[PDB]
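Shown next, in structure tokens, is the structure this report addresses.
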Ligand SMILES: N[C@@H](CCC(=O)O)C(=O)O
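Residue numbers (the numbering used here): 22 to 318.
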């Protein structure tokens, strides 16, 4: 096809990557004049910066990060430096904050992370921002950690396996390959995140919702873990034409069955009505047209 669209995602072993890869496949197989490809990246912040720079046309990103970027606030990457070019295409599924600790590492709560070697997320990840915020809720900062490691998901679980890291954060949909792998190769435990503590700073970071990771989701973790979650979204540049986005939406979301087959999180959590519910940034004109046509707006 002649209109090229690159979709920013995340680590190859996270959920954004397989989802973006699946979306690109649906668009390319539709033969509608669009040539799409998914790019692995550090995550939400890197993706939004790439769209702002005109390097990516679309990307997956957390709703909280998208809001901070659009409004130009809350986090260093966007404080006083708004990215008004991003638009929402659809809300997708919940991204849960996973706090994974090696057993016998002396870590039972977030407070125990003080002095430990922790993988806080990849460079340019939304994960790193959530990690800083959660630590703040417990009165800590990255300077209280023994080491704040920033690497990809694959690299992070390798460090855990080799005992070069004691804990790892990952804001990601349930069932992420990286987390499943980590649980299978290493004796781990999931650290809970107290919603009440998070609520104490909800005025600064208002997007967290309570979420329970069901016991048995990951190998060796049979107890349910109370934590928090944000929402994964598909975003795009306002520079894309209304018709390009519309055509794209039809090829991707036109056949819900085919779309949900891309990943278990979509099959489990995706819905057209929820796709336009409580968005943090404006909908792209082409998406608005699609949803109106679908009778959702
Ligand atoms: N939400 C994560 C990425 C999760 C994923 O790759 O599935 C981030 O922005 O860092």
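All C-beta atoms in this analysis are idealised placements derived from N, C-alpha and C, irrespective of residue type, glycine included.
| query | result |
| --- | --- |
| Using the C-alpha atoms, what's the distance from residue 89 back to residue 81? | 15 Å |
| Name the residue from 141, 39 and 23 whose alpha carbon lies nearest to the alpha carbon of residue 30. | 39 |
| So does residue 43 have its beta carbon nearer than 7 Å to some heavy atom of ligand 1? | no |
| Just to confirm, is the Cβ distance from residue 210 to residue 122 under 8 Å? | yes |
| Under 6 Å Cβ to Cβ from residue 6, same chain only, skipping five residues before and after it: list those, please. | Because the chain is modelled from 22 through 318, residue 6 falls outside the range shown and cannot be assessed. |
| Cα-Cα, which of 186, 174, 270 and 58 is closest to residue 136? | 186 |
| Note down, in chain order, each residue of its chain lying with its Cβ closer than 7 Å to the Cβ of residue 127, except the 5 sequence neighbours on either side. | 133 |
| What is the DSSP secondary structure of residue 13, counted as helix, strand or coil? | Residue 13 lies beyond the residue range present for the chain, which begins at 22 and ends at 318; the question has no answer from this structure. |
| If you count every other CB in all the chains shown that lies within 10 Å of the CB of residue 25, and 16 or more means buried, which is it? | exposed |
| On a Cα-Cα basis, can you pick out the residue from 241, 259, 315 and 206 that is closest to residue 73? | 259 |
| Tell me which residues share the same chain as residue 146 and place their Cβ nearer than 7 Å to its Cβ, disregarding the 5 neighbours each side in the sequence. | 63, 64, 65 and 66 |
| Please classify residue 23 as buried or exposed, where buried requires at least 16 other C-beta atoms within 10 Å of its C-beta. | exposed |
| Going straight from the alpha carbon of residue 226 to that of residue 95, what length do you get? | 8 Å |
| Do residue 212 and residue 131 have their C-beta atoms within less than 8 Å of each other? | yes |
| Do residue 36 and residue 248 have their beta-carbon atoms positioned less than 8 Å apart in this structure? | no |
| I'd like the span of the alpha helix (DSSP H) that includes residue 149, first residue to last. | 147 to 158 |
| With distance defined between alpha-carbon atoms, name the residue in 55, 246 and 268 nearest to residue 237. | 246 |
| Runs of 4 residues minimum, wholly inside the stretch 64 to 90: which ones carry the alpha helix (DSSP H) assignment? | 65 to 73 |
| In chain order, what are the residue ranges of uninterrupted alpha helix (DSSP H) at least 4 long that sit wholly in the stretch 85 to 120? | none |
| Any idea what DSSP makes of residue 21, helix, strand or coil? | Beyond the ends of the chain as shown, which are 22 and 318, falls residue 21; an answer cannot be given. |
| Once the 5 residues before and after residue 70 are set aside, which same chain residues still bring their CB inside 6 Å of it? | none |
| For a quick check, are the C-beta atoms of residue 151 and residue 192 less than 8 Å apart? | yes |
| Just to confirm before moving on: does the CB-CB distance between residue 18 and residue 138 stay below 8 Å? | Shown here, the chain extends from 22 to 318; a query on residue 18 therefore has no answer. |
| Answer yes or no: do residue 32 and residue 183 have a C-beta to C-beta separation smaller than 8 Å? | no |
| Check whether the Cβ of residue 85 sits closer than 7 Å to any heavy atom of ligand 1, and report yes or no. | no |
| Taking the CB atoms as reference points, tell me whether residue 28 and residue 59 lie closer together than 8 Å. | yes |
| Could you say which of 316, 310 and 277 lies nearest to residue 288 if we only look at CA atoms? | 277 |
| Where does residue 27 fall in DSSP's three states? | strand |
| Indicate the three-state DSSP secondary structure (helix, strand or coil) for residue 239 in the structure shown. | strand |
| What does a CB cutoff of less than 6 Å around residue 197 pick up in its chain, not counting 5 residues either side in sequence? | 35 and 36 |
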